[PDB]
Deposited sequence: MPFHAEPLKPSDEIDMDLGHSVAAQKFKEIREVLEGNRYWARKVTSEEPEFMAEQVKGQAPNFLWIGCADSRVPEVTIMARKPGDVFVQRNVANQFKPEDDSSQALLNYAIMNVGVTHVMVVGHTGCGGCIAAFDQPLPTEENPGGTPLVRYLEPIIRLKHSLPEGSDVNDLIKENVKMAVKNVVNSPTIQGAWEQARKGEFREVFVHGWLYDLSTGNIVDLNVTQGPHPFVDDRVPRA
């Protein structure tokens, strides 16, 4: 919603303790100062429009991996893409976090397209790839990765890391589709009570920089062409 202008809060980056002690911190904050000056002057109305609220058309459900920033790789702007990022782009149906996020995207800010986006070189999948099925689960990671481990064990023999990565996107897509939020949106949309919303599964290919559609899109109706 509506941002109220700010107000001890101190804007001069000369007064940031960390920026005084760490070059890398100063660099990033100075990067931000320069970004803001630049944008303020090439689109004086940008900051003003964004203070009013947000209307992203997309929700990106993606991985924490530093190589996969959604706005850069989709060449978008702030305000285009509502985002969840966690390790190995999971959307667990039991998770309040994820259901709250998905419901808010769709019902409160007006998202139309939901993309689950995996990527090659995904350490979550690479790590799940050589685990045994749980009886119970070593670390927070192995436990968190349980559904991806189970998934690995349902793959045809000779399947590689990229097959796991791909099926993990499709599994997240199914989890999203089976949420109350989307099932509810689709029930309404079918009857013309709500806009149609779509869930997509994509894979970002680190070797090319290209997003590849895995074509597992679903909407309120049979999605064929």
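Open item on the list: What are the C-alpha gaps when you align the coordinates back onto the deposited sequence?
Closed with: Several regions go unmodelled: 1 to 2, 10 to 12, 141 to 143, 234 to 239.
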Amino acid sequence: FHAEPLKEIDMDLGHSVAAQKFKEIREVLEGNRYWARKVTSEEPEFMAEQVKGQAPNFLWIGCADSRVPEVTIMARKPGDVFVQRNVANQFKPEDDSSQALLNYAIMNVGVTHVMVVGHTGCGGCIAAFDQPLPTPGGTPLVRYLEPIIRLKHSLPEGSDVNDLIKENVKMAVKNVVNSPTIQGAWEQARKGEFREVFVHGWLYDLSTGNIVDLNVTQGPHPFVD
From here on, numbers count along this sequence of modelled residues.
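Open item on the list: When the Cα temperature factors in the entry are averaged, is it 98 to 106 or 121 to 129 that ends up higher?
Closed with: Here the higher of the two C-alpha B-factor means belongs to 121 to 129.
Open item on the list: Going by the mean C-alpha B-factor recorded in the entry, which is higher: 194 to 202 or 27 to 35?
Closed with: The stretch with the larger mean CA B-factor is 27 to 35.
- [ ] Choose from 112, 90, 139, 84 the residue with the greatest Cα B-factor as stated in the PDB record.
- [x] Answer, based on the entry's C-alpha B-factors: 139.
Task: Candidate set 70, 42, 65, 167 [ranked by C-alpha B-factor, highest] - done: Highest CA B-factor of the listed options: 42.
- [ ] Relative to the other modelled residues of the same chain, rank the CA B-factor of residue 55 and answer lowest, middle or highest third.
- [x] Middle third of the chain for residue 55's C-alpha B-factor.
Task: Record-listed C-alpha B factor of residue 116: chain third - done: Lowest third of the chain for residue 116's C-alpha B-factor.
Task: Assigned third (lowest, middle, highest) for the C-alpha B factor of residue 212 - done: Middle third - that is where residue 212 ends up once the chain's C-alpha B-factors are sorted.
Task: Chain thirds of CA B-factor: placement of residue 189 - done: For residue 189, whose C-alpha B-factor we compare with every modelled residue in the chain, the answer is the middle third.
Task: residue 159, C-alpha B-factor rank within chain (lowest, middle or highest third) - done: Within its chain, residue 159 is a highest-third residue by C-alpha B-factor, going by the deposited values.
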